[PDB]
Amino acid sequence: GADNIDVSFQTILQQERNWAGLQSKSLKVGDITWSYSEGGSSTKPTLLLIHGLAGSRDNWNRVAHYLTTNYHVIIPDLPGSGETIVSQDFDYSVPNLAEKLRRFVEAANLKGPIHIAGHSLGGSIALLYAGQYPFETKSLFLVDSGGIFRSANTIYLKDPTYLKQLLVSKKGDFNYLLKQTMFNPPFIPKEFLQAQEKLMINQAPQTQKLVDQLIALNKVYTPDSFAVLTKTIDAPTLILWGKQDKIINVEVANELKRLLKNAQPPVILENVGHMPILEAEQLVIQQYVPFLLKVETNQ
């Protein structure tokens, strides 16, 4: 008819980043070409936002929109995601992702203690970063974070081989993934869903490598190992969960609270799944902005 919309999905992503007050940047650090979003004034406190498995920097756009006015926001595409380029034989283990993220923070010249937020696998990376670089970590915000828990009660945590069922490798897989990761998914036009699914299918060989590394990491380390790591983290911490999270059960939020010395009581969002940053961004910001103000005042 007379009202056809003809647009590239990449142009849509560009417009959403602009709406969030972000611009796309690139930085070569060793053998990695990092793709990242950056917003806000360099005079403002630095915030590093870390996405999860098979995600991308754009997962944080809805939340970042509320932070780029008063904060200096940095959102990288991790190896295996978005436009970040790595070697064909890259090491996708969580320890290597945390160490290479530190090299990126250094090369991006983001000095002093920085506020760090992590979603899902991003939360696991944020925890390792906070433990290895405590004087470089101003605060921690864990959104349905991974880890190795005694209170684990999902098939994905009990046997990470089940993470292979969440891989997007063929048409229709993205709809299956959304049904497992979200309880209140946002509005996603069918045409946008299909475009996003295709990008994930293109990254599938890398996601498979990440998953295999995660399976091997879970065989090596235990909840005892995780307790040793969390014992070393003194950073003030905010924990937020979706009550309906099918990937990492909500009981784990209380375990993280018990394990982290300076963690606040967890925020549990009713009718929200594993991705509050896309399912309830205004409710996430309602908690995170007063937390950041409190940490800034106490410093």
# chains A, B, ... in the order shown; residues from 1 in each chain; ligands from 1

$ residues_around --residues "residue 175 (chain A)" --least-positions-apart "4" --cutoff "12 Å" --atoms "only C-alpha atoms" --output "PDB file with C-alpha atoms, in the first residue's frame"
ATOM      1  CA  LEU A 166      19.361 -22.085  24.064  1.00  0.00           C
ATOM      2  CA  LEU A 167      21.708 -21.690  21.022  1.00  0.00           C
ATOM      3  CA  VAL A 168      20.226 -19.774  18.049  1.00  0.00           C
ATOM      4  CA  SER A 169      21.461 -21.758  14.976  1.00  0.00           C
ATOM      5  CA  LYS A 170      18.362 -21.988  12.731  1.00  0.00           C
ATOM      6  CA  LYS A 171      15.098 -20.095  11.952  1.00  0.00           C
ATOM      7  CA  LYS A 179      10.268 -18.029  25.756  1.00  0.00           C
ATOM      8  CA  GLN A 180      13.000 -19.252  28.155  1.00  0.00           C
ATOM      9  CA  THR A 181      14.791 -15.970  28.925  1.00  0.00           C
ATOM     10  CA  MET A 182      11.892 -13.516  29.331  1.00  0.00           C
ATOM     11  CA  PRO A 185       9.402  -9.505  26.632  1.00  0.00           C
ATOM     12  CA  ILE A 188       9.503  -6.790  18.986  1.00  0.00           C
ATOM     13  CA  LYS A 190       8.294  -9.961  13.622  1.00  0.00           C
ATOM     14  CA  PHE A 192      13.006  -7.120  13.758  1.00  0.00           C
ATOM     15  CA  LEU A 193      12.913 -10.570  15.476  1.00  0.00           C
ATOM     16  CA  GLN A 194      13.924 -12.251  12.149  1.00  0.00           C
ATOM     17  CA  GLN A 196      18.110 -10.163  15.128  1.00  0.00           C
ATOM     18  CA  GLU A 197      17.815 -13.989  14.806  1.00  0.00           C
TER      19      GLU A 197
END

$ residues_around --residues "residue 147 (chain A)" --least-positions-apart "4" --cutoff "9 Å" --atoms "only C-alpha atoms" --output "PyMOL selection string"
chain A and resi 120-121+123-124+127+157+223+226+256

$ write_last_selection --atoms "C-alpha atoms" --output "PDB file, in the first residue's frame"
ATOM      1  CA  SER A 120      23.737 -13.035  33.228  1.00  0.00           C
ATOM      2  CA  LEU A 121      27.245 -14.200  31.950  1.00  0.00           C
ATOM      3  CA  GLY A 123      27.508 -10.682  35.875  1.00  0.00           C
ATOM      4  CA  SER A 124      29.959 -13.653  36.108  1.00  0.00           C
ATOM      5  CA  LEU A 127      32.387 -10.789  39.642  1.00  0.00           C
ATOM      6  CA  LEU A 157      22.869 -24.631  36.291  1.00  0.00           C
ATOM      7  CA  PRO A 223      30.324 -23.496  44.730  1.00  0.00           C
ATOM      8  CA  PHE A 226      32.838 -19.376  43.980  1.00  0.00           C
ATOM      9  CA  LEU A 256      24.796 -13.825  46.291  1.00  0.00           C
TER      10      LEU A 256
END

$ closest_residue --among "A:198, A:35, A:64, A:213" --to "residue 96 (chain A)" --atoms "only C-alpha atoms"
A:213

$ residues_around --residues "residue 206 (chain A)" --least-positions-apart "2" --cutoff "9 Å" --atoms "only C-alpha atoms" --output "ChimeraX atom specification"
/A:54,79-81,92,202-204,208-211

$ write_last_selection --atoms "N, CA, C and O atoms" --output "compact mmCIF listing (two decimals), in the first residue's frame"
# COMPACT_ATOMS: atom_id res chain seq x y z
N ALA A 54 25.70 -14.66 24.05
CA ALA A 54 25.05 -14.44 22.75
C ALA A 54 24.32 -13.08 22.69
O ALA A 54 23.62 -12.81 21.71
N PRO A 79 33.97 -10.42 22.90
CA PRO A 79 34.33 -11.40 21.86
C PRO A 79 33.21 -12.44 21.66
O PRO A 79 32.65 -12.95 22.64
N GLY A 80 32.86 -12.68 20.40
CA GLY A 80 31.80 -13.60 20.02
C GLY A 80 30.48 -12.89 19.77
O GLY A 80 29.54 -13.51 19.29
N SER A 81 30.42 -11.58 20.07
CA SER A 81 29.22 -10.77 19.95
C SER A 81 29.41 -9.51 19.13
O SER A 81 30.51 -8.96 19.07
N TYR A 92 37.69 -18.20 24.44
CA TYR A 92 36.43 -17.64 24.93
C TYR A 92 36.12 -17.97 26.40
O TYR A 92 34.98 -17.78 26.84
N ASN A 202 24.56 -16.09 12.66
CA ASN A 202 25.89 -15.81 12.10
C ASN A 202 27.00 -15.92 13.16
O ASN A 202 28.12 -16.28 12.82
N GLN A 203 26.67 -15.64 14.44
CA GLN A 203 27.63 -15.73 15.55
C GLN A 203 27.66 -17.13 16.20
O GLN A 203 28.54 -17.38 17.02
N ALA A 204 26.70 -18.02 15.85
CA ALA A 204 26.54 -19.37 16.43
C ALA A 204 27.85 -20.17 16.58
O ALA A 204 28.05 -20.70 17.68
N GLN A 208 28.86 -21.30 20.36
CA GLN A 208 29.09 -22.70 20.68
C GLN A 208 30.44 -22.86 21.42
O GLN A 208 30.50 -23.61 22.41
N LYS A 209 31.48 -22.13 20.98
CA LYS A 209 32.81 -22.18 21.63
C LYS A 209 32.71 -21.64 23.06
O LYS A 209 33.27 -22.25 23.98
N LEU A 210 31.99 -20.52 23.25
CA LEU A 210 31.76 -19.89 24.55
C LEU A 210 31.08 -20.89 25.50
O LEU A 210 31.53 -21.09 26.62
N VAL A 211 30.00 -21.55 25.01
CA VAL A 211 29.23 -22.55 25.77
C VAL A 211 30.13 -23.74 26.15
O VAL A 211 30.12 -24.15 27.30

$ select_by_dssp --residues "region 86-226 of chain A" --states "strand (DSSP E)" --output "list in words"
residues 114, 115, 116, 117, 118, 119, 137, 138, 139, 140, 141, 142 and 143 of chain A

$ select_by_dssp --residues "region 137-171 of chain A" --states "helix (DSSP H, G or I)" --output "VMD selection string"
chain A and resid 155 to 158 160 to 166

$ closest_residue --among "A:242, A:214, A:191, A:161" --to "residue 97 (chain A)" --atoms "only C-alpha atoms"
A:214

$ residues_around --residues "residue 25 (chain A)" --least-positions-apart "4" --cutoff "12 Å" --atoms "only C-alpha atoms" --output "ChimeraX atom specification"
/A:14,17,33-39,57,74-77,83-84,108

$ atom_distance --atom1 "CA of residue 201 (chain A)" --atom2 "CA of residue 177 (chain A)"
12.4 Å

$ residues_around --residues "residue 184 (chain A)" --least-positions-apart "6" --cutoff "12 Å" --atoms "only C-alpha atoms" --output "number ranges by chain"
A: 178, 242-245, 269-281

$ write_last_selection --atoms "N, CA and C atoms" --output "mmCIF file, in the first residue's frame"
data_model
loop_
_atom_site.group_PDB
_atom_site.id
_atom_site.type_symbol
_atom_site.label_atom_id
_atom_site.label_comp_id
_atom_site.auth_asym_id
_atom_site.auth_seq_id
_atom_site.Cartn_x
_atom_site.Cartn_y
_atom_site.Cartn_z
ATOM 1 N N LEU A 178 13.586 -16.669 23.517
ATOM 2 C CA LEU A 178 12.819 -15.605 24.185
ATOM 3 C C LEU A 178 11.830 -16.181 25.195
ATOM 4 N N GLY A 242 14.735 -11.196 38.236
ATOM 5 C CA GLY A 242 13.372 -11.389 37.782
ATOM 6 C C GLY A 242 12.855 -12.589 38.549
ATOM 7 N N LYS A 243 11.712 -12.436 39.252
ATOM 8 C CA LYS A 243 11.142 -13.517 40.066
ATOM 9 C C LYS A 243 10.912 -14.792 39.230
ATOM 10 N N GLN A 244 10.521 -14.621 37.944
ATOM 11 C CA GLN A 244 10.182 -15.726 37.042
ATOM 12 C C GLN A 244 11.375 -16.266 36.241
ATOM 13 N N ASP A 245 12.614 -15.837 36.574
ATOM 14 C CA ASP A 245 13.829 -16.286 35.876
ATOM 15 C C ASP A 245 13.890 -17.826 35.786
ATOM 16 N N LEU A 269 11.968 -8.448 41.048
ATOM 17 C CA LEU A 269 10.905 -7.900 40.209
ATOM 18 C C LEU A 269 9.870 -8.967 39.886
ATOM 19 N N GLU A 270 8.602 -8.746 40.318
ATOM 20 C CA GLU A 270 7.527 -9.687 39.990
ATOM 21 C C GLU A 270 7.248 -9.629 38.479
ATOM 22 N N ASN A 271 6.805 -10.754 37.885
ATOM 23 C CA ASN A 271 6.405 -10.847 36.474
ATOM 24 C C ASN A 271 7.526 -10.435 35.504
ATOM 25 N N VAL A 272 8.768 -10.755 35.873
ATOM 26 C CA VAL A 272 9.957 -10.478 35.065
ATOM 27 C C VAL A 272 10.809 -11.751 35.072
ATOM 28 N N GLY A 273 11.412 -12.077 33.924
ATOM 29 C CA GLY A 273 12.252 -13.257 33.764
ATOM 30 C C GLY A 273 13.730 -12.953 33.920
ATOM 31 N N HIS A 274 14.543 -13.638 33.128
ATOM 32 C CA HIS A 274 16.011 -13.541 33.195
ATOM 33 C C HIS A 274 16.592 -12.224 32.646
ATOM 34 N N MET A 275 15.792 -11.387 31.928
ATOM 35 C CA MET A 275 16.338 -10.168 31.315
ATOM 36 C C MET A 275 15.604 -8.873 31.765
ATOM 37 N N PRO A 276 15.712 -8.472 33.066
ATOM 38 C CA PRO A 276 15.065 -7.210 33.500
ATOM 39 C C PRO A 276 15.503 -5.961 32.722
ATOM 40 N N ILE A 277 16.752 -5.936 32.198
ATOM 41 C CA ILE A 277 17.273 -4.781 31.452
ATOM 42 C C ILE A 277 16.456 -4.512 30.161
ATOM 43 N N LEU A 278 15.766 -5.537 29.626
ATOM 44 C CA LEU A 278 14.886 -5.369 28.451
ATOM 45 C C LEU A 278 13.408 -5.535 28.823
ATOM 46 N N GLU A 279 13.105 -6.258 29.921
ATOM 47 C CA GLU A 279 11.702 -6.496 30.320
ATOM 48 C C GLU A 279 11.131 -5.398 31.236
ATOM 49 N N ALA A 280 11.995 -4.690 31.977
ATOM 50 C CA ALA A 280 11.549 -3.714 32.990
ATOM 51 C C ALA A 280 12.613 -2.636 33.238
ATOM 52 N N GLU A 281 13.106 -1.983 32.156
ATOM 53 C CA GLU A 281 14.218 -1.019 32.295
ATOM 54 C C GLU A 281 13.907 0.149 33.247
#

$ residues_around --residues "residue 114 (chain A)" --least-positions-apart "6" --cutoff "7 Å" --atoms "only C-alpha atoms" --output "number ranges by chain"
A: 46-47, 136-138

$ residues_around --residues "residue 252 (chain A)" --least-positions-apart "3" --cutoff "12 Å" --atoms "only C-alpha atoms" --output "PyMOL selection string"
chain A and resi 142-154+157+223+239-243+245-249+255-259+266+268

$ atom_distance --atom1 "CA of residue 106 (chain A)" --atom2 "CA of residue 41 (chain A)"
18.3 Å

$ atom_distance --atom1 "CA of residue 156 (chain A)" --atom2 "CA of residue 251 (chain A)"
14.6 Å

$ closest_residue --among "A:56, A:207, A:139, A:297" --to "residue 264 (chain A)" --atoms "only C-alpha atoms"
A:139

$ decode --residues "region 114-242 of chain A" --atoms "C-alpha atoms" --output "mmCIF file, in the first residue's frame"
data_model
loop_
_atom_site.group_PDB
_atom_site.id
_atom_site.type_symbol
_atom_site.label_atom_id
_atom_site.label_comp_id
_atom_site.auth_asym_id
_atom_site.auth_seq_id
_atom_site.Cartn_x
_atom_site.Cartn_y
_atom_site.Cartn_z
ATOM 1 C CA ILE A 114 34.640 2.342 37.917
ATOM 2 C CA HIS A 115 31.017 1.301 38.480
ATOM 3 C CA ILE A 116 30.424 -2.113 36.892
ATOM 4 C CA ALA A 117 27.128 -3.784 35.889
ATOM 5 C CA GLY A 118 26.696 -7.263 34.497
ATOM 6 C CA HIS A 119 23.742 -9.176 33.087
ATOM 7 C CA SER A 120 23.737 -13.035 33.228
ATOM 8 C CA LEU A 121 27.245 -14.200 31.950
ATOM 9 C CA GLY A 122 28.162 -10.481 32.124
ATOM 10 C CA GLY A 123 27.508 -10.682 35.875
ATOM 11 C CA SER A 124 29.959 -13.653 36.108
ATOM 12 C CA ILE A 125 32.618 -11.588 34.262
ATOM 13 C CA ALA A 126 31.857 -8.546 36.522
ATOM 14 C CA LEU A 127 32.387 -10.789 39.642
ATOM 15 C CA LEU A 128 35.756 -12.094 38.354
ATOM 16 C CA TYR A 129 36.798 -8.516 37.448
ATOM 17 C CA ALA A 130 35.784 -7.195 40.948
ATOM 18 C CA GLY A 131 37.761 -10.002 42.621
ATOM 19 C CA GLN A 132 40.909 -9.653 40.463
ATOM 20 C CA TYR A 133 40.887 -5.788 40.312
ATOM 21 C CA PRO A 134 39.271 -4.603 43.663
ATOM 22 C CA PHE A 135 40.881 -1.129 43.752
ATOM 23 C CA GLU A 136 39.593 -0.602 40.147
ATOM 24 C CA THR A 137 35.965 -1.521 41.072
ATOM 25 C CA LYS A 138 33.797 1.256 42.646
ATOM 26 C CA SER A 139 30.538 -0.762 42.711
ATOM 27 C CA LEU A 140 28.915 -3.891 41.343
ATOM 28 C CA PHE A 141 25.406 -4.287 39.891
ATOM 29 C CA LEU A 142 24.393 -7.899 39.318
ATOM 30 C CA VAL A 143 21.336 -8.502 37.145
ATOM 31 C CA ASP A 144 20.333 -12.248 37.163
ATOM 32 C CA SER A 145 24.092 -12.969 37.333
ATOM 33 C CA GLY A 146 25.758 -16.292 36.664
ATOM 34 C CA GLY A 147 28.033 -18.041 39.142
ATOM 35 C CA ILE A 148 28.344 -21.430 40.849
ATOM 36 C CA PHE A 149 25.623 -21.761 43.479
ATOM 37 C CA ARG A 150 24.541 -24.215 46.201
ATOM 38 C CA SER A 151 20.922 -22.972 45.774
ATOM 39 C CA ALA A 152 21.019 -23.743 41.971
ATOM 40 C CA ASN A 153 17.708 -25.322 40.944
ATOM 41 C CA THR A 154 17.457 -25.059 37.130
ATOM 42 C CA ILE A 155 18.454 -27.623 34.484
ATOM 43 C CA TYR A 156 20.971 -25.062 32.985
ATOM 44 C CA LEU A 157 22.869 -24.631 36.291
ATOM 45 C CA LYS A 158 22.693 -28.348 37.302
ATOM 46 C CA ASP A 159 23.932 -29.476 33.860
ATOM 47 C CA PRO A 160 25.300 -26.643 31.635
ATOM 48 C CA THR A 161 25.148 -29.021 28.575
ATOM 49 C CA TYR A 162 21.451 -27.879 28.516
ATOM 50 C CA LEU A 163 22.757 -24.353 27.571
ATOM 51 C CA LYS A 164 23.134 -25.893 24.045
ATOM 52 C CA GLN A 165 19.254 -25.917 23.791
ATOM 53 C CA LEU A 166 19.361 -22.085 24.064
ATOM 54 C CA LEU A 167 21.708 -21.690 21.022
ATOM 55 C CA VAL A 168 20.226 -19.774 18.049
ATOM 56 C CA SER A 169 21.461 -21.758 14.976
ATOM 57 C CA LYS A 170 18.362 -21.988 12.731
ATOM 58 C CA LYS A 171 15.098 -20.095 11.952
ATOM 59 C CA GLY A 172 12.611 -20.325 14.833
ATOM 60 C CA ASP A 173 15.324 -20.738 17.514
ATOM 61 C CA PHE A 174 15.147 -17.053 18.612
ATOM 62 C CA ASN A 175 11.417 -17.398 19.508
ATOM 63 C CA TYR A 176 12.304 -20.502 21.605
ATOM 64 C CA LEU A 177 15.118 -18.589 23.396
ATOM 65 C CA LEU A 178 12.819 -15.605 24.185
ATOM 66 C CA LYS A 179 10.268 -18.029 25.756
ATOM 67 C CA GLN A 180 13.000 -19.252 28.155
ATOM 68 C CA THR A 181 14.791 -15.970 28.925
ATOM 69 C CA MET A 182 11.892 -13.516 29.331
ATOM 70 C CA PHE A 183 8.537 -13.429 31.151
ATOM 71 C CA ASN A 184 7.587 -9.880 30.018
ATOM 72 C CA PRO A 185 9.402 -9.505 26.632
ATOM 73 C CA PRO A 186 9.219 -5.991 25.110
ATOM 74 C CA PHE A 187 7.454 -5.260 21.826
ATOM 75 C CA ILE A 188 9.503 -6.790 18.986
ATOM 76 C CA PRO A 189 8.093 -6.529 15.424
ATOM 77 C CA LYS A 190 8.294 -9.961 13.622
ATOM 78 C CA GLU A 191 10.594 -8.343 10.974
ATOM 79 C CA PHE A 192 13.006 -7.120 13.758
ATOM 80 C CA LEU A 193 12.913 -10.570 15.476
ATOM 81 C CA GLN A 194 13.924 -12.251 12.149
ATOM 82 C CA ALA A 195 16.758 -9.695 11.553
ATOM 83 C CA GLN A 196 18.110 -10.163 15.128
ATOM 84 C CA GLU A 197 17.815 -13.989 14.806
ATOM 85 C CA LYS A 198 19.922 -13.921 11.585
ATOM 86 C CA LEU A 199 22.737 -11.966 13.396
ATOM 87 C CA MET A 200 22.705 -14.528 16.225
ATOM 88 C CA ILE A 201 22.783 -17.470 13.695
ATOM 89 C CA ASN A 202 25.889 -15.809 12.101
ATOM 90 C CA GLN A 203 27.630 -15.729 15.551
ATOM 91 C CA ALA A 204 26.536 -19.366 16.434
ATOM 92 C CA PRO A 205 30.035 -21.010 15.840
ATOM 93 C CA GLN A 206 31.504 -18.493 18.358
ATOM 94 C CA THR A 207 28.584 -18.894 20.844
ATOM 95 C CA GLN A 208 29.092 -22.702 20.675
ATOM 96 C CA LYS A 209 32.807 -22.181 21.625
ATOM 97 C CA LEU A 210 31.755 -19.894 24.552
ATOM 98 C CA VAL A 211 29.230 -22.545 25.772
ATOM 99 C CA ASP A 212 31.809 -25.394 25.515
ATOM 100 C CA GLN A 213 34.254 -23.272 27.617
ATOM 101 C CA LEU A 214 31.466 -22.592 30.183
ATOM 102 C CA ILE A 215 30.690 -26.347 30.435
ATOM 103 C CA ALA A 216 34.446 -27.066 31.008
ATOM 104 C CA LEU A 217 34.717 -24.169 33.589
ATOM 105 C CA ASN A 218 31.724 -25.606 35.552
ATOM 106 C CA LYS A 219 33.517 -29.038 35.633
ATOM 107 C CA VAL A 220 36.700 -27.453 37.094
ATOM 108 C CA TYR A 221 35.214 -25.067 39.708
ATOM 109 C CA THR A 222 32.568 -25.617 42.397
ATOM 110 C CA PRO A 223 30.324 -23.496 44.730
ATOM 111 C CA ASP A 224 33.327 -23.741 47.187
ATOM 112 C CA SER A 225 35.527 -22.029 44.505
ATOM 113 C CA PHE A 226 32.838 -19.376 43.980
ATOM 114 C CA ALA A 227 32.686 -18.691 47.768
ATOM 115 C CA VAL A 228 36.510 -18.160 47.750
ATOM 116 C CA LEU A 229 36.157 -15.641 44.865
ATOM 117 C CA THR A 230 33.175 -13.722 46.417
ATOM 118 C CA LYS A 231 34.966 -13.573 49.846
ATOM 119 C CA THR A 232 37.587 -11.265 48.185
ATOM 120 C CA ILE A 233 34.923 -8.805 46.793
ATOM 121 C CA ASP A 234 34.377 -5.756 49.092
ATOM 122 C CA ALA A 235 32.669 -3.575 46.430
ATOM 123 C CA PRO A 236 29.197 -2.174 47.391
ATOM 124 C CA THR A 237 26.825 -4.430 45.415
ATOM 125 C CA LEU A 238 23.269 -4.140 44.109
ATOM 126 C CA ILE A 239 21.494 -7.394 43.149
ATOM 127 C CA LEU A 240 18.401 -7.419 40.962
ATOM 128 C CA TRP A 241 16.443 -10.459 39.739
ATOM 129 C CA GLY A 242 13.372 -11.389 37.782
#
